[PDB]
Amino acid sequence: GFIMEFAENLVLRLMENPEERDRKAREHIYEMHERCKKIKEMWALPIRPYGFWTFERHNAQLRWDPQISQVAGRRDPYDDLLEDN
Amino acid sequence: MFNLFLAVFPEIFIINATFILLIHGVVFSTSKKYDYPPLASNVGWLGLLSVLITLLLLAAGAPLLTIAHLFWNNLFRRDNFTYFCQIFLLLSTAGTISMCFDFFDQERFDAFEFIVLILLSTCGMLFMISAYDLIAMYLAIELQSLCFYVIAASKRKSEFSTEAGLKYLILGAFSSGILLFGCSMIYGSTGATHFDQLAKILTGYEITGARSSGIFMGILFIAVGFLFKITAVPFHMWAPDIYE
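In terms of determination method and resolution, the entry is listed under cryo-EM at 3.72 Å.

Caption draft 1: Molecular detail of the overall build of chain A. Along its length, chain A carries 2 helices and 0 strands. For a compact globule of 85 residues, the expected C-alpha radius of gyration is about 12 Å, and chain A comes in at 36 Å, more than 25% above that figure. Here the C-alpha coordinates of chain A stretch approximately 115 × 30 × 20 Å along the principal axes. Looking at the 85 residues of chain A, the share that counts as buried comes to 6%. Surface accessibility of chain A: about 8500 Å² in total, with carbon and sulfur atoms responsible for 61%.

Caption draft 2: Representation of the overall build of chain B. When you go through chain B residue by residue, the secondary structure sums to 10 helices and 0 strands. Ordered by position in the sequence, the α and β elements of chain B form the string α-α-α-α-α-α-α-α-α-α. Overall size of chain B, expressed as C-alpha extent along the three principal axes, is 75 × 50 × 25 Å. Within the span of chain B, comprising 244 residues, buried residues form 39% of the whole.

Caption draft 3: Fine view of empty space enclosed by the protein. Applying the stated criterion to the full structure yields 1 cavity of 30 Å³ or more. Each pocket or cavity is described by its volume, and for the largest cavity that value is around 30 Å³. Along its surface, the largest cavity is lined by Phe52, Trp53 and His58 of chain A together with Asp196, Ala199 and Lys200 of chain B. A per-class count over the lining of the largest cavity returns 3 nonpolar, 1 polar and 2 charged.

Caption draft 4: Molecular detail of the packing of aromatic side chains. Residues and elements named next belong to chain B. Taken as a whole and judged by the stated rule, the model has 16 aromatic pairs over all chains. Summarising the aromatic geometry, the rings of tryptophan 72 and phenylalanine 76 are spaced 5.1 Å apart at their centres and angled 20° between planes, so their arrangement reads as stacked. In this pair, the class of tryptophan 72 matches that of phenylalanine 76, namely buried. By the ring-pair criterion, three or more aromatic residues cluster together here, those being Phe5, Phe71, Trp72 and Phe76. Between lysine 155 and the ring centre of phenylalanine 109, over which it is positioned, the NZ or CZ distance is 5.2 Å.

Caption draft 5: Here's a closer look at a negative patch on the surface. Residues and elements named next belong to chain B. On the surface, a cluster of negative charge is contributed by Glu159, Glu163, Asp241 and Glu244. Secondary-structure assignment places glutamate 244 in the segment after helix 10 (239-243). Residue class for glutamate 244 comes out exposed when judged on its relative accessible area of 62%.

Caption draft 6: Representation of the packing of helix 6 (residues 134-152) of chain B against helix 9 (residues 213-229) of chain B within the structure. Residue and element names in this part refer to chain B. Where helix 6 contacts helix 9, the axes come no closer than 13 Å and their chain directions differ by 25°. Considered as vectors, helix 6 and helix 9 are oriented roughly parallel to each other. Crossing of helix 6 over helix 9 shows left-handed handedness. Where helix 6 approaches helix 9, its residues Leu134, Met137, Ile141 and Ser145 are matched on the opposing element by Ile222, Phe226 and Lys229. Here the residues of the contact of helix 6 with helix 9 are counted per class, giving 5 nonpolar, 1 polar and 1 charged.

Caption draft 7: Molecular detail of the environment of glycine 218 of chain B. Residue and element names in this part refer to chain B. Along the chain, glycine 218 turns up in helix 9. The spacing of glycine 218 and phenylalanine 88 is 130 residues in sequence and 31 Å in space, taken between C-alpha atoms. Setting aside its immediate chain neighbours within four residues, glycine 218 contacts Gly182, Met185 and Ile186.

Rules behind the numbers
Residues numbered from 1 in each chain as written, not as in the entry; some residues may be left out. Chains lettered and ligands numbered in written order. Part of a larger assembly, values for the part shown. Heavy atoms only, no water. Helix = DSSP H or I, 4+ residues; strand = E, 2+ residues; numbered from the N terminus. Rg over C-alpha atoms; globule rule 2.2 N^0.38 Å. Buried < 20%, exposed > 50% of the residue type's maximum accessible area, 1.4 Å probe, protein only. Areas by Shrake-Rupley, 256 points an atom, 1.4 Å probe, with all protein chains shown as cover. 1 Å grid on protein atoms, 1.4 Å probe; cavity = no way out; pocket = protein on both sides within 12 Å on 5 of 7 lines; lining within 4 Å. Points joined across faces, edges and corners; volume = space filled by probe spheres on them. Nonpolar A, V, L, I, M, F, W, Y, C, P; charged D, E, K, R; others polar. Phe/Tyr/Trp six-rings, centres within 6.5 Å; stacked < 30°, edge-to-face > 60°. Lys NZ or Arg CZ within 6 Å of the ring centre and 35° of its normal. Patch = residues over 30% accessible without salt bridge, like charges linked within 9 Å, V, L, I, M, F, W, Y side chains within 5 Å. Salt bridge = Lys/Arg side-chain N within 4 Å of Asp/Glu carboxyl O. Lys, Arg positive; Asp, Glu negative; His and termini not counted. Charge placed at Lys NZ, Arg CZ, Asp CG, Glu CD. Axes fitted to C-alpha atoms, helices over the stretch in contact; angles between N-to-C directions. Parallel < 35°, antiparallel > 145°, perpendicular 65-115°, else oblique. Left-handed = near helix turned anticlockwise from the far one by under 90°. Contact = heavy atoms within 4.5 Å.

Pasting the structure below:
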């Protein structure tokens, strides 16, 4: 053929779907705003959590001392006296 | 029994390698067969290899190093923060010891005790990150402090090195005394040297409701000592002279 009859549909192939572009734009806005709200919530967390000491890793002694309160140097004076019988 | 030490291998290995390097250097620096060889670069390369190996040990023990946490509770408490902090400090030490090899032979400074002291101060630092008590905190501070006091005055020909070493010594000793005096009263007013139980007796009541003149001033002295340690203004009495 001639030049323009091919350059026309060439440019038309080069250009994209606008419906896809609009859908992607509204989508991206939706999830970006949702993620923005999520990050805003995340930044509100205090440095020290409400539980803190309640956490099992932050006790480390309520389940260690009971198995140590029997060794010498930690016993209540009234433990060795009546342990004989 | 032995498996309770799976959480201390990244440190036991570095101590053992430090001892082996010290023995090898002292044995083969006075041998008449080899005519007193300059084995500073050799010890440095072996120390870099040891640092790499203990880094590999530390990196692959991520699921480990948290076992027997009740047994080690009174001594140290290592976790994800400690794991990454140690794995980065050890990399920094490896890079520093690697970029100083040419310094040993360019200006003919074949003292292998430099490398062993770097390694042992690095072990002290590894103790510090895991340290979870005032006593271990202070002892791990003192390890690196004494290593650096020794190392700073190593080059004993220049008036700068000796005077800077002495100034670093005096400033660090004063800072350590200040920090230790700070910890003494926090122990006195509450007991509970351990960090876990120190964070639980102080969270109960705010300082604003009632004033405790002991805990506040002990915390202040600990902070002052730490600011001396990092040379933070106005506690920067001699730091530029130390670094020069």
